[PDB]
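Q: Here it is, the structure in full.
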Amino acid sequence: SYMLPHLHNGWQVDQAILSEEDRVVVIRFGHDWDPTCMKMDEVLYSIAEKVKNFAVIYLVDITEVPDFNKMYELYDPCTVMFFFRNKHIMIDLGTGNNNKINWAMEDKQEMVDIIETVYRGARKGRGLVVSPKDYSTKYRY
Amino acid sequence: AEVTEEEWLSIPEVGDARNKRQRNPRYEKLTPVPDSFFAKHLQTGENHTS
Amino acid sequence: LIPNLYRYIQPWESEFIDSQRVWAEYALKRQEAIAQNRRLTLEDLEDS
Amino acid sequence: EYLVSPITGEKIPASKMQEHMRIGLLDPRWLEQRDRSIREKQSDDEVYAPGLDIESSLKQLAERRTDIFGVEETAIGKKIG
RNA sequence: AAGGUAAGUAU
RNA sequence: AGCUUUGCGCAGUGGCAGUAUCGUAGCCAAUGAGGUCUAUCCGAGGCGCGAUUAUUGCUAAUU
């Protein structure tokens, strides 16, 4: 949660999105002190080395950097968004919101699969990718 | 507080004890079951006439 | 109504009675075939 | 104490038989593999934040988490106390 | 009330 | 004068297996590697790391 790089103003976020031309820019919008953000950041930290070939992970504090709250509807405790070549890559998670991951995941392989799907779809030149797993339900039994 | 700066520097790095095979195993191929399994399954259904 | 799985499973007690009767019948048929030095055919053990 | 080299035909002092033989049969494939490895580990961008950045992030977390740190305990997200 | 947005390029 | 043994090359033909082949200015090793069986006996490489379509090239297609 604290081992990941941080972006401290909107210009830094724009540059991080613009800098990467061959990798998915995974940016988590939230607060390091929020428990949901702590879970999501732990998951991202567990996979940060694995996906470094095709993904880069940044963390942004939405109070320190409020320049995207109105734009990206960052009014949730945690939010993960995907950008590839200065384009926001939407993902059809099945949750009704195709723009972001607004909850916290528990499986590293889940997040890695989502990142890989986003990377492949964005490389092919697509603005929306279909998630390998549906999230219309939590699969709790 | 009493940890000297030399002790602070002398902290060792953490090294993995697993070897190359454990850390980075070669991809494990999946292969179909041999045809003898289908042959024996179809032979199981055969029955004597006496 | 779709059929219920229970109606097509023979109960344990009736199945044990049937097993006793069927194996007694098979013993009788086998003894009869021994007297003829003949091997039981699939048609002999058809109702069983 | 000069022994004829079985691989080059020259003469080396006996104090350097084993090292000359080991070096003489050194595959250039080793050189190219080492050069490739040097190129790879000196060009990959660091994934995790530097140490001072980690310390600053932990300080911010402690400031904004008084249910774990500090003396007085404010709410989970508040920083005043 | 939702879990039912194709991603676009043009005008 | 022929014949023939061993090792090393160079080729030719043929067979077999691709869960394996290499690399070691890394380490240890006949001053003993490694030992389930045979232990007052066995005797040679082992380990770590790296490369990879489980060796690597061309050629022909589609592109």
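In the structure tokens, each chain is lettered A, B, ... as it comes, each chain's residues begin at 1, and ligands are numbered from 1 in order of appearance.
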Quick one: residues within 10 Å of range 8-21 of chain B, only C-alpha atoms (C1' of nucleotides), excluding same-chain residues fewer than 2 positions away - as number ranges by chain?
A: B: 3-6, 23-26; F: 47-50
Q: Using the chain letters and numbers from this document, which residues of chain C does DSSP assign to alpha helix (DSSP H), as a list in words?
A: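 Checking each residue of chain C, the alpha helix (DSSP H) ones are residues 12, 13, 14, 15, 16, 17, 18, 19, 20, 21, 22, 23, 24, 25, 26, 27, 28, 29, 30, 31, 32, 33, 34 and 35 of chain C.
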Q: Write out as a PDB file with N, CA and C atoms, in the first residue's frame each polymer residue whose atoms come within 12 Å of residue 59 in chain D, counting only C-alpha atoms (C1' of nucleotides); drop sequence neighbours fewer than 4 positions from it.
A:
ATOM      1  N   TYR A   2       2.011   1.155   0.664  1.00  0.00           N
ATOM      2  CA  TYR A   2       2.979   2.236   0.732  1.00  0.00           C
ATOM      3  C   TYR A   2       4.209   1.983  -0.124  1.00  0.00           C
ATOM      4  N   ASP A  32      -4.802   5.996   1.140  1.00  0.00           N
ATOM      5  CA  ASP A  32      -4.008   4.925   1.730  1.00  0.00           C
ATOM      6  C   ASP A  32      -4.562   4.463   3.071  1.00  0.00           C
ATOM      7  N   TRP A  33      -5.378   5.285   3.732  1.00  0.00           N
ATOM      8  CA  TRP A  33      -5.919   4.949   5.041  1.00  0.00           C
ATOM      9  C   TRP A  33      -7.264   4.237   4.983  1.00  0.00           C
TER      10      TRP A  33
ATOM     11  N   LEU D  52      12.729   6.575   0.918  1.00  0.00           N
ATOM     12  CA  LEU D  52      12.218   7.819   1.486  1.00  0.00           C
ATOM     13  C   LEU D  52      10.747   8.013   1.145  1.00  0.00           C
ATOM     14  N   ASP D  53      10.345   7.629  -0.067  1.00  0.00           N
ATOM     15  CA  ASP D  53       8.935   7.702  -0.432  1.00  0.00           C
ATOM     16  C   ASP D  53       8.098   6.740   0.402  1.00  0.00           C
ATOM     17  N   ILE D  54       8.624   5.544   0.678  1.00  0.00           N
ATOM     18  CA  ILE D  54       7.924   4.607   1.554  1.00  0.00           C
ATOM     19  C   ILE D  54       7.753   5.206   2.945  1.00  0.00           C
ATOM     20  N   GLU D  55       8.813   5.822   3.473  1.00  0.00           N
ATOM     21  CA  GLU D  55       8.736   6.437   4.794  1.00  0.00           C
ATOM     22  C   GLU D  55       7.724   7.576   4.819  1.00  0.00           C
ATOM     23  N   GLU D  63      -0.435   9.664  10.155  1.00  0.00           N
ATOM     24  CA  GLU D  63      -1.159  10.904  10.413  1.00  0.00           C
ATOM     25  C   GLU D  63      -2.657  10.715  10.223  1.00  0.00           C
ATOM     26  N   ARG D  64      -3.052   9.981   9.189  1.00  0.00           N
ATOM     27  CA  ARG D  64      -4.462   9.803   8.875  1.00  0.00           C
ATOM     28  C   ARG D  64      -5.074   8.553   9.497  1.00  0.00           C
ATOM     29  N   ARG D  65      -4.316   7.784  10.277  1.00  0.00           N
ATOM     30  CA  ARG D  65      -4.841   6.603  10.965  1.00  0.00           C
ATOM     31  C   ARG D  65      -4.493   6.716  12.444  1.00  0.00           C
ATOM     32  N   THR D  66      -5.412   7.277  13.227  1.00  0.00           N
ATOM     33  CA  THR D  66      -5.214   7.432  14.661  1.00  0.00           C
ATOM     34  C   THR D  66      -5.743   6.256  15.468  1.00  0.00           C
ATOM     35  N   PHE D  69      -2.032   4.531  15.302  1.00  0.00           N
ATOM     36  CA  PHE D  69      -0.887   5.323  15.720  1.00  0.00           C
ATOM     37  C   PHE D  69      -1.330   6.456  16.640  1.00  0.00           C
ATOM     38  N   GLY D  70      -0.357   7.250  17.072  1.00  0.00           N
ATOM     39  CA  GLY D  70      -0.632   8.439  17.855  1.00  0.00           C
ATOM     40  C   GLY D  70      -1.041   8.124  19.283  1.00  0.00           C
ATOM     41  N   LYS D  79      -7.581  13.618  10.576  1.00  0.00           N
ATOM     42  CA  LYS D  79      -6.182  13.881  10.877  1.00  0.00           C
ATOM     43  C   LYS D  79      -5.961  14.856  12.026  1.00  0.00           C
TER      44      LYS D  79
END
Q: What does the distance from CA of residue 13 in chain A to CA of residue 71 in chain A come to in Å, to one decimal?
A: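 Computing it gives 13.5 Å between the two atoms.
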Q: Report the closest atom pair, with its distance in Å rounded to one decimal, for each residue of chain B that has an atom no farther than 9 Å from range 32-46 of chain C; count only C-alpha atoms, sort by chain and then rising residue number, and write it as JSON lines.
A:
{"residue": "B:48", "atom": "CA", "partner": "C:42", "partner_atom": "CA", "distance": 8.0}
{"residue": "B:49", "atom": "CA", "partner": "C:42", "partner_atom": "CA", "distance": 5.4}
{"residue": "B:50", "atom": "CA", "partner": "C:41", "partner_atom": "CA", "distance": 4.6}
Q: Just to confirm, what's the straight-line distance from CA of residue 43 in chain B to CA of residue 48 in chain C in Å (one decimal)?
A: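 Between these atoms lies a distance of 23.2 Å.
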Q: Applying 9 Å and only C-alpha atoms (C1' of nucleotides), which residues near residue 85 in chain A remain after dropping the ones on its own chain fewer than 5 positions away? List them as a PyMOL selection string.
A: chain A and resi 17-25+122
Q: For the residues selected in the previous step, produce a file with N, CA, C and O atoms as a CSV table (one decimal), in the first residue's frame.
A:
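Writing done, so here's again27.csv:
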chain,number,residue,atom,x,y,z
A,17,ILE,N,0.1,8.8,-17.2
A,17,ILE,CA,-0.8,8.2,-18.2
A,17,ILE,C,-0.1,8.4,-19.6
A,17,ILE,O,-0.2,7.5,-20.4
A,18,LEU,N,0.5,9.6,-19.9
A,18,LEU,CA,1.1,9.9,-21.2
A,18,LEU,C,2.4,9.1,-21.4
A,18,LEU,O,2.7,8.8,-22.5
A,19,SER,N,3.2,8.9,-20.3
A,19,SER,CA,4.5,8.4,-20.5
A,19,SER,C,4.5,7.0,-21.0
A,19,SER,O,5.3,6.7,-21.9
A,20,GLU,N,3.6,6.1,-20.5
A,20,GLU,CA,3.7,4.7,-20.9
A,20,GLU,C,3.0,4.5,-22.2
A,20,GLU,O,1.8,4.8,-22.3
A,21,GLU,N,3.7,4.1,-23.2
A,21,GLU,CA,3.2,3.8,-24.5
A,21,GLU,C,2.9,2.3,-24.8
A,21,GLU,O,2.1,2.0,-25.7
A,22,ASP,N,3.6,1.4,-24.1
A,22,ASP,CA,3.5,0.0,-24.3
A,22,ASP,C,3.0,-0.8,-23.1
A,22,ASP,O,2.9,-2.0,-23.2
A,23,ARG,N,2.6,-0.1,-22.1
A,23,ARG,CA,2.1,-0.7,-20.9
A,23,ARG,C,0.8,-0.1,-20.4
A,23,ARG,O,0.5,1.1,-20.7
A,24,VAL,N,0.0,-0.9,-19.7
A,24,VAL,CA,-1.3,-0.4,-19.2
A,24,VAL,C,-1.0,0.4,-17.9
A,24,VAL,O,-0.2,-0.1,-17.0
A,25,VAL,N,-1.5,1.6,-17.8
A,25,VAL,CA,-1.3,2.4,-16.7
A,25,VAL,C,-2.5,2.2,-15.7
A,25,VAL,O,-3.6,2.7,-15.9
A,122,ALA,N,-6.6,-3.4,-25.5
A,122,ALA,CA,-6.1,-2.1,-25.8
A,122,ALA,C,-5.1,-2.1,-26.9
A,122,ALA,O,-5.0,-1.2,-27.8
Q: Counting only C-alpha atoms (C1' of nucleotides), figure out which residue out of F:5, F:13, F:55, F:24 gets nearest to chain D.
A: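 Nearest to chain D: F:24.
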Q: So how far away is CA of residue 86 in chain A from CA of residue 60 in chain A, in Å?
A: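 Interatomic distance, CA of residue 60 in chain A to CA of residue 86 in chain A: 17.0 Å.
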Q: Applying 8 Å and only C-alpha atoms (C1' of nucleotides), which residues near residue 101 in chain A remain after dropping the ones on its own chain fewer than 2 positions away? List them as a PDB file with N, CA, C and O atoms, in the first residue's frame.
A:
ATOM      1  N   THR A  79     -11.141   2.940  -6.005  1.00  0.00           N
ATOM      2  CA  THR A  79     -11.416   2.959  -7.434  1.00  0.00           C
ATOM      3  C   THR A  79     -10.138   2.645  -8.194  1.00  0.00           C
ATOM      4  O   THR A  79      -9.095   3.249  -7.927  1.00  0.00           O
ATOM      5  N   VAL A  80     -10.219   1.705  -9.132  1.00  0.00           N
ATOM      6  CA  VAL A  80      -9.099   1.334  -9.988  1.00  0.00           C
ATOM      7  C   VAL A  80      -9.507   1.574 -11.434  1.00  0.00           C
ATOM      8  O   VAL A  80     -10.565   1.107 -11.871  1.00  0.00           O
ATOM      9  N   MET A  81      -8.671   2.300 -12.172  1.00  0.00           N
ATOM     10  CA  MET A  81      -8.952   2.661 -13.552  1.00  0.00           C
ATOM     11  C   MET A  81      -7.776   2.265 -14.430  1.00  0.00           C
ATOM     12  O   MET A  81      -6.629   2.229 -13.978  1.00  0.00           O
ATOM     13  N   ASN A  99     -16.562   1.569 -16.311  1.00  0.00           N
ATOM     14  CA  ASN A  99     -15.450   2.505 -16.369  1.00  0.00           C
ATOM     15  C   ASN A  99     -14.361   2.239 -15.340  1.00  0.00           C
ATOM     16  O   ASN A  99     -13.225   2.679 -15.545  1.00  0.00           O
ATOM     17  N   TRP A 103     -14.539  -1.620  -6.189  1.00  0.00           N
ATOM     18  CA  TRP A 103     -14.452  -2.432  -4.984  1.00  0.00           C
ATOM     19  C   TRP A 103     -13.019  -2.938  -4.827  1.00  0.00           C
ATOM     20  O   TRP A 103     -12.120  -2.567  -5.585  1.00  0.00           O
ATOM     21  N   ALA A 104     -12.808  -3.787  -3.825  1.00  0.00           N
ATOM     22  CA  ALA A 104     -11.501  -4.361  -3.538  1.00  0.00           C
ATOM     23  C   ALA A 104     -11.531  -5.855  -3.817  1.00  0.00           C
ATOM     24  O   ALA A 104     -12.440  -6.558  -3.365  1.00  0.00           O
TER      25      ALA A 104
END
Q: Using DSSP secondary structure from the backbone, list all strand (DSSP E or B) positions within chain A, as a VMD selection string.
A: chain A and resid 6 to 7 24 to 30 55 to 61 78 to 83 88 90 to 92 101 128 to 130
Q: Can you check which residues of chain A have any atom within 9 Å of chain D? Use only C-alpha atoms and format it as a PyMOL selection string.
A: chain A and resi 1-6+31-34+45+48-49+52+56-57
Q: Define the interface residues of chain A facing chain E as those within 8 Å, counting only C-alpha atoms (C1' of nucleotides), and report them as a ChimeraX atom specification.
A: /A:94-96,98,126-128,136
Q: For those residues, write N, CA and C atoms to a file as a PDB file, in the first residue's frame.
A:
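The result, stored in part_26.pdb:
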ATOM      1  N   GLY A  94     -19.538  -6.555 -15.663  1.00  0.00           N
ATOM      2  CA  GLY A  94     -20.845  -7.064 -15.311  1.00  0.00           C
ATOM      3  C   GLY A  94     -21.474  -6.414 -14.101  1.00  0.00           C
ATOM      4  N   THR A  95     -20.882  -5.340 -13.584  1.00  0.00           N
ATOM      5  CA  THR A  95     -21.388  -4.652 -12.406  1.00  0.00           C
ATOM      6  C   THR A  95     -22.290  -3.475 -12.743  1.00  0.00           C
ATOM      7  N   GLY A  96     -22.465  -3.162 -14.024  1.00  0.00           N
ATOM      8  CA  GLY A  96     -23.228  -2.012 -14.439  1.00  0.00           C
ATOM      9  C   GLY A  96     -22.417  -0.748 -14.621  1.00  0.00           C
ATOM     10  N   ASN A  98     -18.937   0.216 -16.267  1.00  0.00           N
ATOM     11  CA  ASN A  98     -17.890  -0.330 -17.116  1.00  0.00           C
ATOM     12  C   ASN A  98     -16.621   0.510 -17.115  1.00  0.00           C
ATOM     13  N   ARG A 126      -9.090  -1.433 -28.853  1.00  0.00           N
ATOM     14  CA  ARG A 126     -10.465  -1.474 -28.378  1.00  0.00           C
ATOM     15  C   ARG A 126     -10.623  -0.588 -27.151  1.00  0.00           C
ATOM     16  N   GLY A 127     -11.776   0.067 -27.049  1.00  0.00           N
ATOM     17  CA  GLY A 127     -12.056   0.923 -25.914  1.00  0.00           C
ATOM     18  C   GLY A 127     -12.784   0.208 -24.796  1.00  0.00           C
ATOM     19  N   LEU A 128     -13.339  -0.963 -25.095  1.00  0.00           N
ATOM     20  CA  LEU A 128     -14.029  -1.772 -24.101  1.00  0.00           C
ATOM     21  C   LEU A 128     -13.593  -3.218 -24.243  1.00  0.00           C
ATOM     22  N   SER A 136     -21.666  -9.706 -11.420  1.00  0.00           N
ATOM     23  CA  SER A 136     -23.051  -9.441 -11.058  1.00  0.00           C
ATOM     24  C   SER A 136     -23.431 -10.116  -9.749  1.00  0.00           C
TER      25      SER A 136
END
